[PDB]
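Note that the protein sequences, when read in sequence, are chains C and D. Here the first sequence stands for residues 9 to 62, numbered as in the deposited numbering. Here the second sequence stands for residues 11 to 62, numbered as in the deposited numbering. Ideal Cβ positions, reconstructed from N, Cα and C, are used throughout, including at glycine.
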Amino acid sequence: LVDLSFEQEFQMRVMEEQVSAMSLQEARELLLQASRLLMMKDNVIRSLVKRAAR
Amino acid sequence: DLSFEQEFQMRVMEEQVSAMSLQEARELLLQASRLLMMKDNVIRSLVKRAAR
């Protein structure tokens with residue numbers, strides 16, 4: 009199971025602080041850095057689930 | 011290491027962002043941040059079956 013802890017909810021309130029004062033350029037570079045990171049995360053997971061089975 | 015399908019999605023993503031409003035670019039940056047944490051939780055789980 010996986011869902012947001014207390015402190016991560018805190019982290020979400022902080023990112024929201026810093027995003028609201030972001031320029032169009034900064035929000036776009038970071039979002040792209042985030043989307044790429046999301047895919048590299050799927051790969052760590054997939055690779056971890058395989059490595060457990062076998 | 012992005013697979014071949016992922017590199018491709020990236021390109022589609024560079025093309026969407028570049029057209030995004032400052033408004034959507036923010037909403038979505040948050041969502042992606044939530045997701046990264048959710049995925050980090052999943053990764054932490056699977057690593058915990060380190061119970062051996």
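For this session: Following the continuous alpha helix (DSSP H) through C:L9, name the residue where it begins and the one where it ends.
Result: Bounds of any alpha helix (DSSP H) do not take in C:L9, whose DSSP letter is neither H nor E.
Problem set entry | Straight-line gap, D:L32 to C:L32 (C-alpha atoms, nearest Å) | So the alpha carbons of these two residues sit roughly 5 Å apart.
Problem set entry | Coarse secondary structure for D:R59, derived from DSSP in three states | Note: D:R59 maps to coil in three-state DSSP.
Exercise. On the three-pair Cβ rule with 8 Å, is the stretch 19-28 of chain D touching the stretch 16-25 of chain C?
Worked result: Under the Cβ criterion (8 Å, minimum of three pairs), the stretch 19-28 of chain D does not count as touching the stretch 16-25 of chain C.
For this session: Determine, using beta carbons only, whether C:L12 and D:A42 come nearer to each other than 9 Å.
Result: Contact: no.
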